[PDB]
Amino acid sequence: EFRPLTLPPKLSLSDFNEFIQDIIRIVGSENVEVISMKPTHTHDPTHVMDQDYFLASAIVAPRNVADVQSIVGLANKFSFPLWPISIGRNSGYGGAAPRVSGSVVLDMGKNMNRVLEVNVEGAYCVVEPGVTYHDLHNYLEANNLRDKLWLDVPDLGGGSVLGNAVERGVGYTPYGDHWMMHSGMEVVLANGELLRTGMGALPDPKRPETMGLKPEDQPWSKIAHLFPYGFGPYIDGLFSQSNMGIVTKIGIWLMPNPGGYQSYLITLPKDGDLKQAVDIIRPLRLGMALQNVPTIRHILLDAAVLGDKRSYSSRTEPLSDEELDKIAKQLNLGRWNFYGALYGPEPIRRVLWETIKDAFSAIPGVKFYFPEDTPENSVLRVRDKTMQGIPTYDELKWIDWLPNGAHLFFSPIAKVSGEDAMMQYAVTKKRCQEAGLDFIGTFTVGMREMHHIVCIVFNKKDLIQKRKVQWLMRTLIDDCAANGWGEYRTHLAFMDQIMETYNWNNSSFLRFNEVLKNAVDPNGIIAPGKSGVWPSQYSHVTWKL
Amino acid sequence: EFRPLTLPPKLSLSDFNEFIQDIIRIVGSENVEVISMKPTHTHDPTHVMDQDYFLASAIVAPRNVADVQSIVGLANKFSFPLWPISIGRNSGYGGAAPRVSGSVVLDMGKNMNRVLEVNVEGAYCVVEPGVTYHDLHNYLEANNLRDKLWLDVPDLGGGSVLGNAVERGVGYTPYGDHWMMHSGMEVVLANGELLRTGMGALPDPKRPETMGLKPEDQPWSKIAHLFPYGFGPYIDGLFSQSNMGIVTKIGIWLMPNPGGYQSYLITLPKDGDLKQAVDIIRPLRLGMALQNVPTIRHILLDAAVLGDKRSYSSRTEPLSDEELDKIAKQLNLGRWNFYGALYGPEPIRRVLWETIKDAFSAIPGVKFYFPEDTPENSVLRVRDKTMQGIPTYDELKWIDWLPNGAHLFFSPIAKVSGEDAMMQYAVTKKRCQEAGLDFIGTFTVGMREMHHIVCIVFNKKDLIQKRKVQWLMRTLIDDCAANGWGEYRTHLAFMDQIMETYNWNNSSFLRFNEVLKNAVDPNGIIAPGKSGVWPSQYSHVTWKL
Amino acid sequence: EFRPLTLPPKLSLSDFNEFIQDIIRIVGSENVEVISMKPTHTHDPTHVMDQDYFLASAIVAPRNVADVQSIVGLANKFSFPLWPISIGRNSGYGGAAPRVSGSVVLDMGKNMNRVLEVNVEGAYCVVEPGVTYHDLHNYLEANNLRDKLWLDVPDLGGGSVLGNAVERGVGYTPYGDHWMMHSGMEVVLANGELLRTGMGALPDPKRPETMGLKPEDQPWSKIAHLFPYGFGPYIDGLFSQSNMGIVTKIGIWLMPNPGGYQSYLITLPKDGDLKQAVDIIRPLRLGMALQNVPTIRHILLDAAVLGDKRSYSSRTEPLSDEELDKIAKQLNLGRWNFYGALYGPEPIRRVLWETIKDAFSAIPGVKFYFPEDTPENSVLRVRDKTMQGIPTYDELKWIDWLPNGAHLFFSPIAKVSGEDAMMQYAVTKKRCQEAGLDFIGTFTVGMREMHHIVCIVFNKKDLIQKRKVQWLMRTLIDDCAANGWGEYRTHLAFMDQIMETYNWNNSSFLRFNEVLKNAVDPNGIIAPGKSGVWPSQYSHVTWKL
Ligand SMILES: Nc1ncnc2c1ncn2[C@@H]1O[C@H](COP(=O)(O)OP(=O)(O)O)[C@@H](O)[C@H]1O
Ligand SMILES: Nc1ncnc2c1ncn2[C@@H]1O[C@H](COP(=O)(O)OP(=O)(O)O)[C@@H](O)[C@H]1O
Ligand SMILES: Nc1ncnc2c1ncn2[C@@H]1O[C@H](COP(=O)(O)OP(=O)(O)O)[C@@H](O)[C@H]1O
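Chains as they are written, first to last, in my numbering: chain A, 144 to 688; chain B, 144 to 688; chain C, 144 to 688.
As structure tokens, this is what we get:
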């Protein structure tokens, strides 16, 4: 196709058309769309910034790994920035929009979709960009693996198993640290060469049956997916949250059925009980009584699953402290809410669960519930499935808090300390108030840290509110940095600002990242700007936000 | 000082003297030795290869981080190769010897020795190259932390905590994977700049009390040592087993007192019981009943702790199958021996321990022992301390199997499958026999993989056996690669050979590693040859073994 | 001389000795000191930071312009950084200390001292780095020019006329903006070539008498010092506050005797009268009734001229609001104090003076005084000489507020609005209080802006207070930048911080300045780091504060 709305930097319309005809000749016109449930792949959907920002020139869906290698070849020939996606469902981080306009979004999921291998004795699977969590689930159920191996799913199930893992997301089971469960990844580099990490570099020995296969299609050696380190430099991490390569395949470890499961809910009556609760959770997480990643939800998070804002009030301004208590009562929930789960034989569960209850009993008016003790529509019923690896679509109901809601995640990290968590909550709560927004968030409990997801929801068509959201977001980044907290992940417009936060010793961390990226991507064609890392041909003065 | 035995590549004697006076003027003459319990820092002690190989030109001991920076400056000025060590105690991997002769060994432990911080609520410590495991142990005992926080120690306690962790060593408690317990490292790069990884890049906010401190001496932000990922590319792994930078500081996560501990021994009668034992260990490790990294030791390993070869036989050739049985009997051990430990409240221990015993009960003649049930000198008494983080010097007795023994480790990885373990064991036992050596080894049980340490012991003054040792080693490397197994770590003379083994898709892995190294070390002065990775100014033709 | 405490970056001790013998052979040993009233030229005197910072390696005093050229030649040969000073008296901005250690301080005032020309019909003088204000004063008195031409002096008379003017200082007469009174500068560039700006580039026509003179010693054409622009790019400003060249000569415009002079003092009773006073000053300055640069001083500034802190109180903590009032009373001054002066025939003076008094009459309890109406020791008696171009040493008494006081200037710019002045004053007063220091300062009234000098005084030997001083300074810098105010000049340790504040559109300003500097100084030997501007061979990671 012929005339895009936006062309990549320095490229003519003629160059653009020559390229597209070349890609069209490789992957078929059906896998190449030019911009002149069903996630968009062309633009930021959770519009926060405006037009001209994050708009692709074309979407290209490779049929396979070779196609990715030919498309890289052509980006290097023509100097065309690529933006690689697996699914593009996470609006809030900007969905599939490219950081620089004119990029070709590389839809890896449309055709490279295969569950490559589910290995029972090793307790791992091997996956392509396109396998969503739902797909891996159906894959297990149709092969009888449901009662031998379990999954680990993020709050919504349509995300991509490999996508989520390379961006380092978190799940709610004992295997919740996705990135930490990977072993043996296949990558297409900026030069177009194929590379496999860890024991993935140790080739499967020759055998009659696997002779002549292209590299991509070759099997892996036996320890590829059982031991992540291989030998020498462990380079895997240069591929999480980076623009250093295009991830084509990845092995993720699966937790075998524990032969015992019980999910639960602990309600904390007062807004201020977060402090003692977090002090209670600390020793228990560090001492292993708490098996999975346990979450601490704010009342409106559960509230919004169950109903939009108009369904709880007419106010257009933020609900008050009073109303929040009334919503809590209405649903039988607390002001803050702890969800977690017990895994294993009954005899073990029991002891953990008597220790847990025992510890949270020191908070007045605390209340303990199993799924069964709660309403049909309850979050616990839904989360009962989430913490045993079963994927759902339920919790997506909160996105619709406001009418034409769009949301963004402000995601700082806090210590596992009541004092620290109350301090971080205060800073976010003031600012959310100052912007006219309800504060909505969760804390997901890591072993020695807490991931705090603040869900800023607003009206995608309101010029005034989007600017308040832009002002909120950048002010929270600074406030949080002035209190020694940093974000673990953000949307395309805050990458630069968040990377500037990690400036110890005059930006040593980013300088060093710059070196690695110009070395391996001399034309700077693999996602310029991802995480605020820019190749030399992209002037900081021109591109940073 | 004036005239070294060996000078670094292309450097004159005049250049060399100029440099050395410069370094002497920076760190004092007492910290600079020229080569013209108490580990050697000048040469490979476990002589395998011959003279001219792995011989330093000088040892240099920085007083602090500034001193490492100035020494890097002068290596880039003069083009002098540095070989950075922490302790240099691991003969068998080549102790502190440099891969290229003429290098200056950088002894980082002599002066940069401090336990920087032991934080209890966060359950981490922060350390300098010089803190040995014994040192961190005494640090805890002198501040009352012994009944709050425990360590994780490798079979010998004199190694370096950070050294062991960047090299990716393994311990025998639940926090056994050292590298995976790190968070927040300080690195001096080849350009001379200081760099802190993950949340170590997010600076501590300004305060009156920490103003004006040098970068090196600044505190870290609060999540520095609690969340390892930070934001963007996770680059940490580029510093493990690499020549990418000089590690100055590191934070390691400490496991709090579990309020319950029981160590144990399960003796396996027959040489062939390894196969069923490994099939039994598989589900139990994967289902979490086995809490620590359990070990499976061969009879001579325990034999050798207790006594030299002469003390069990006059024979000069390898002991036979029959004699091995007799030795087993003599000590009350099996042919293979499983060591492990139960952590936690009694109610929990008990259920794990009934599941463990139950499962190993299917192996005829199996026998279960607690420390107390065994002789004063037993290994289990020693290992009872090892599996609770208490360091010792006991197991070092085996190095003396033979008279003027030196040892080397042949270190392949196997599946956690009886079948695979028996196959690897066969390949290693034949080859050791063909070289006239006793087979001595362990398997340390990872979650989905086993680390197989074969301990090749020989006479360091015997020309004929050293060569058989070199022949064993390189044949094992190939044999193992022909069966799909790679090594996780080796001595200076096998580094090129083992890297060549990870050659999938025509050496992609090492090619990509060469790009990163030349980018960040344009003069190639940081440890040329580590892991088989060579900067461009070191001809492969000239330097590879 | 042989062995300095600190050597410039990358330079050997042998190189250093070679250079120094070369310079010694050019200017004589009496003009070259090696570091192994009477201002120091070797280190920061108003110690704030610590050792190793801002320490010269040698002081070099050229005999003349040729000598500066040869010294530039040798800095480019050896790559040695030069730090050019004129006088070095301004402790508080760091006196003559170099921004990078190992630099050679180039003392230009010791020998290049001459009053080159005082031209009456043109009403200008032409000067070398060494002419201090006292010196130009005595020059005028010895040639009868005292009743024809007047000077313009900064609060202390010992600074350098050209030095003060390239740094853009301010005086208290109608010709108060020093930099704006220059015309025709002679510069030695980093390549070593001599350059004369504006009509200084248009050469004096040949004549018998000026044939054969070196460039440096040639006369200037007739408009050289009467029209500053010349033709084409006006480049003059590249030499103010910059590291673009070494200023050798400069022409400054002198204001002829106005035939009428009356200096005065307007005392403002209350701490809050600053607000109405600044609103009163606004129209009057803008409408030209206020002839000179009037000043508005805080009570302790005048207090401190007259006596140390101990002489007003025993207190070690900051004096209170109440005590300030009592001090005001004791001296017959207000809380704030406005100094100014009427120039010109009596008929004109009188009308300005009735308009001035009239306007300030709306501030209750206001009091008007001429010199004669005040005590012998009063500030107005001193400032009566200051506002007619007569230099003094009097006001230097305040430096001794505290015992072993050192001071630093925090120098922001504010609008000429009572509201803005009170807001800036608040921000600075809180912070000084939080550091335990007395707030001391002035506002010097530009035509449409105010220069606010906050004088931070502290004990140069107190580790704890120096750090509070470093904390104050950097917090003030940010606070002020968060309120839209920038600093106009700072000490060596805040240069990077203050430049980072002028970062509109991702640091465009400094990026563009980096381009000009690398173009003209390819070896980066002219004052690396001045104003936060660093040549390419000075890693930002390594050198920024
Ligand atoms: N296969 C891949 N290779 C490299 N980067 C990838 C790959 N897949 C995803 N990414 C990255 O992950 C980011 C998140 O996108 P995505 O895969 O669409 O999320 P999700 O599956 O959580 O909806 C993309 O912006 C891109 O940076
Ligand atoms: N601080 C460090 N920075 C970089 N590499 C290091 C550092 N310390 C040790 N090493 C690496 O670790 C290897 C193992 O050495 P060493 O510390 O002496 O072992 P141990 O502590 O097991 O005795 C060295 O050869 C080098 O590869
Ligand atoms: N001739 C000159 N050429 C270039 N820069 C100069 C020259 N003289 C002074 N400077 C600059 O002016 C700054 C102020 O120094 P100085 O002359 O010692 O101050 P003062 O006269 O106020 O005591 C120096 O640090 C340097 O930045």
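Just so it is clear, CB atoms sit at the ideal spot from N, CA and C, and this is done for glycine as well.
{"query": "Separation of C/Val-248 from C/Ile-409, as counted between CA atoms", "result": "43 Å"}
{"query": "Selected residue, minimal CA-CA separation from B/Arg-591, among B/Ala-557, B/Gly-402, B/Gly-327 and B/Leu-474", "result": "B/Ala-557"}
{"query": "Neighbour-count burial assignment, B/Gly-343, 16 or more Cβ in a 10 Å radius", "result": "buried"}
{"query": "CB contact below 7 Å: A/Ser-674 versus chain C", "result": "no"}
{"query": "Residues that A/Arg-440 bridges to, as DSSP identifies them", "result": "A/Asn-480 and A/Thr-585"}
{"query": "Proximal residues, the region 241-262 of chain A versus chain C, C-beta separation under 7 Å", "result": "none"}
{"query": "Any non-hydrogen atom of ligand 3 closer than 6 Å to C/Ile-202 Cβ", "result": "no"}
{"query": "Between the CA atoms of B/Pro-358 and C/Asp-605 - distance to the nearest angstrom", "result": "22 Å"}
{"query": "Option nearest A/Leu-619 by Cα separation, candidates A/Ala-578, A/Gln-608, A/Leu-659 and A/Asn-649", "result": "A/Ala-578"}
{"query": "C/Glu-643 CB to nearest heavy atom of ligand 2 below 6 Å", "result": "no"}
{"query": "C/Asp-543 vs C/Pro-461 beta-carbon contact at 7 Å", "result": "no"}
{"query": "Strand pairing of B/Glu-260, partner residues [DSSP]", "result": "B/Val-269"}
{"query": "Outcome for A/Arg-350 when other beta-carbon atoms lying within 10 angstroms are tallied against a minimum of 16", "result": "exposed"}
{"query": "CB contact below 7 Å: A/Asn-207 versus chain B", "result": "no"}
{"query": "7 Å Cβ cut-off: residues of chain B touching C/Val-684", "result": "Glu-336"}
{"query": "Coarse secondary structure for B/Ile-668, derived from DSSP in three states", "result": "coil"}
{"query": "Among C/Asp-621, C/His-368 and C/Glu-465, the one whose alpha carbon lies nearest that of C/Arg-478", "result": "C/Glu-465"}
{"query": "In chain order, each alpha helix (DSSP H) run of at least 4 residues that lies wholly inside the region 580-662 of chain B", "result": "606-625 and 638-644"}
{"query": "Near ligand 4: B/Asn-254 beta-carbon under 6 Å from a heavy atom", "result": "This structure does not include ligand 4; its bound ligands are ligand 1, ligand 2 and ligand 3."}
{"query": "Under the three-state DSSP convention, the category C/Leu-225 falls into", "result": "strand"}
{"query": "C-alpha gap between C/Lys-572 and A/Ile-178, whole angstroms", "result": "57 Å"}
{"query": "Residues sharing a beta bridge with C/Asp-347, DSSP", "result": "Looking at the DSSP assignment, C/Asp-347 forms no beta bridge with any residue, so it has no partner."}
{"query": "Which of helix, strand or coil DSSP assigns to A/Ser-383", "result": "coil"}
{"query": "Of the residues A/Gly-216, A/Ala-240, A/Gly-627 and A/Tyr-372, the one placed nearest A/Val-331, counting alpha carbons only", "result": "A/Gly-216"}
{"query": "Reduced DSSP category for C/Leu-154 - H, G, I as helix; E, B as strand; rest coil", "result": "coil"}
{"query": "Contact set for C/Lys-153: own chain, Cβ-Cβ below 8 Å, skip 5 residues either direction", "result": "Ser-222"}
{"query": "Inter-stretch contact at 8 Å, needing at least 3 Cβ pairs: the region 617-636 of chain B / the region 535-550 of chain B", "result": "no"}
{"query": "Proximal chain A residues relative to B/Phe-601, where beta-carbon distance stays under 7 Å", "result": "Simply none; closest approach about 24 Å."}
{"query": "Pairwise C-alpha distance: B/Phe-503 and B/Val-421", "result": "10 Å"}
{"query": "Cβ-Cβ distance between A/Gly-375 and B/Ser-674 below 7 Å", "result": "yes"}
{"query": "Contacting positions in the region 553-578 of chain B - beta carbon closer than 7 Å to chain A", "result": "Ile-556, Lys-558 and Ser-560"}
{"query": "Pairwise C-alpha distance: A/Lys-510 and A/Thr-517", "result": "12 Å"}
{"query": "Nonlocal neighbours in the same chain, by C-beta distance under 6 Å from C/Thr-498, ignoring five residues either side", "result": "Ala-432"}
{"query": "Buried or exposed by the 16-neighbour rule on C-beta atoms within 10 Å, applied to C/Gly-355", "result": "exposed"}
{"query": "Top-ranked residue by Cα proximity to B/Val-313, from B/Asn-435, B/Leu-292, B/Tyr-282 and B/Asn-400", "result": "B/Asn-435"}
{"query": "Cβ-heavy atom distance, C/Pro-205 to ligand 3, below 6 Å", "result": "no"}
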